[PDB]
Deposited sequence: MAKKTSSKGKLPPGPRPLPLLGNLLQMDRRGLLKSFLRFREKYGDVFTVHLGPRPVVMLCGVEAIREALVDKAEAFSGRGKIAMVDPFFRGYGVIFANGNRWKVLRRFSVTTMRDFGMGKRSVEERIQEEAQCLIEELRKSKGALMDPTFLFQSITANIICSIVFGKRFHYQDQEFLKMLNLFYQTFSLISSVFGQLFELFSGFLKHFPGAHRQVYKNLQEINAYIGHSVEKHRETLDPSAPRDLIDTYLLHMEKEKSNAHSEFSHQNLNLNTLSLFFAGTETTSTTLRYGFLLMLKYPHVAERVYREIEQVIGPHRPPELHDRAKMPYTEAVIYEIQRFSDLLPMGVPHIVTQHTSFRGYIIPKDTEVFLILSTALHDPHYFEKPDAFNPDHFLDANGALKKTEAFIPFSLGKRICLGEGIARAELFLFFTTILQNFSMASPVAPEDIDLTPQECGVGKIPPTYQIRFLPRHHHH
């Protein structure tokens, strides 16, 4: 009959005065205590329905896909993306851009696996050259994941010591942080007001323009050398489609979709997997007995030299459990990416009007103590049975579900496994901080959950 229950709002401020100072997620976990798994919070001027736990989330994204499949905005980046590109598009643009992006990622020329394998070898050579010196591995982790996207999109990889590559990686890093910051969460509530003032939203806008400028230039160099009978990469393929549909003024294959879809694939392609890697190696420093056990399995299944391959996974249940647990623990996007309802819909008795924003709080499925005993601790046994065999679970939804499910899922799982195991096959880790002193508390927790900076050494075996 009405919207899910929640804290009683004030006219201008919504539920501001009921929020927790520590962020949106914390705010929402407190409301969930009081209201249950389906509730409404007024984020500044508008109601947003929160869905918590695997059942409710899957009931919405899978059983009710006809309605929960729209994409909402992220205040901090809407001014840039404006509903262009696969992540932020709706309706028929999304359908075109999704089919195109899914279809030209898989089809191309090396397999996905081969490209990751080569990149893993370049990574190992790089880590060798560093001769056990301390670094903050953020740049390398962004470099190897960026290079996978790059070879699909630009037809090329960049070298780790290229200062122009590094400068773009810095912008991806700064932006993800700024977006996930306390100001970014405030902005989600009050963009309407805050936009008129200086603040992080302008820096994010400017960073994204700067990345936009490289992509515009690359599109140009491609157009100039384009061979219709032999498209090199995803940009070439988009250009061909642009040609084919030029007589339709309403073609989705526009120039803004070109730039912003590409940029969307890049952002998501780089920052998601690299952040998981960052948390992953920090977790390894804090739990060296886990890293040592992963290494014993690599030794026994793969050996000290033969490059790891995807077909190794099924024979490495421990390593897979550690990687699942890294993802579960990391909780990359704790509230997922905003959805909206596309038509009036009933959900557990409530009525959700059309164009009502919905957050699926993926963090609540990942921390569900019915599936994961002691869900706030890192523990790979979360994903092992009695016999040490891999135990997958329905609650494991860090890619979300349904029509909008991460389209990069397969690529990211390939990268996490090949980069994790290839590094561990060749190196052990050390740092100047004892495992008991290692603090896992995120540096940011908003849209994204971002681990603190740290120094690590990679020691050759």
(message) Relative to the deposited sequence, which regions have no modelled C-alpha positions in the structure?
(response) 1-8, 117-119, 473-476
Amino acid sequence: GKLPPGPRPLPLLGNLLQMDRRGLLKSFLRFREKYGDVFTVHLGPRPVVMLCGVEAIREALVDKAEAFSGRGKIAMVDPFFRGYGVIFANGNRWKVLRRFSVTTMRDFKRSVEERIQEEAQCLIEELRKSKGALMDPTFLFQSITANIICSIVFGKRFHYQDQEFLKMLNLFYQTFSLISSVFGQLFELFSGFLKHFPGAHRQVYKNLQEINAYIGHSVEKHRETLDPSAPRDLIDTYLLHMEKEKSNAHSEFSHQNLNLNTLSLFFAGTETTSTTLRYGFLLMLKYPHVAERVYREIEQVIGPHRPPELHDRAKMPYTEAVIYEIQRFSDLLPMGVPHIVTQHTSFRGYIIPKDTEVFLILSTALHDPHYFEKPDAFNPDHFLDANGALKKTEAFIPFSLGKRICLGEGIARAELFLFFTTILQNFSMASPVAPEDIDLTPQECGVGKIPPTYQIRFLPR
From here on, numbers count along this sequence of modelled residues.
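What we label the rigid core is the largest C-alpha set whose atoms superpose within 1.5 Å from one form to the other.
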(request) Determine, for 85-93 and 358-366, which one has C-alphas that on average lie farther from this form in 6 other deposited structures of this protein; superpose on the rigid core first. (result) 85-93
(request) Would you say which of 217-225 and 310-318 moves more relative to the shown form in 6 other deposited structures of this protein, going by RMS C-alpha distance with the core superposed? (result) 217-225
(message) One third of the other compared structures is the cut-off here: is residue 344 left unmodelled in that many or more?
(response) no
(request) Determine if residue 109 is unmodelled in a third or more of the other PDB entries compared for this protein. (result) yes
(message) Highest mean C-alpha temperature factor of the two stretches 266-274 and 250-258, which is it?
(response) 266-274
(request) Determine, for stretches 290-298 and 308-316, which one has the higher mean CA B-factor as deposited. (result) 308-316
(request) Select one of 218, 379, 185, 363: the residue whose C-alpha shows the highest B-factor in the crystal structure entry. (result) 218
(message) So if I compare the CA B-factors in the entry for 338, 198, 85, 334, which one is the largest?
(response) 198
(request) Relative to the other modelled residues of the same chain, rank the CA B-factor of residue 229 and answer lowest, middle or highest third. (result) highest
(request) Taking the values exactly as deposited, rank residue 154 by C-alpha B-factor within its chain and report the matching third: lowest, middle or highest. (result) highest
(message) Ranking the modelled residues of this chain by C-alpha B-factor as given in the entry, is residue 280 in the lowest, middle or highest third?
(response) lowest
(message) Using only modelled residues of the chain, where does the Cα B factor of residue 349 rank: lowest third, middle third or highest third?
(response) highest
(request) Quick one: classify residue 445 as lowest, middle or highest third of the chain based on its Cα B-factor. (result) middle
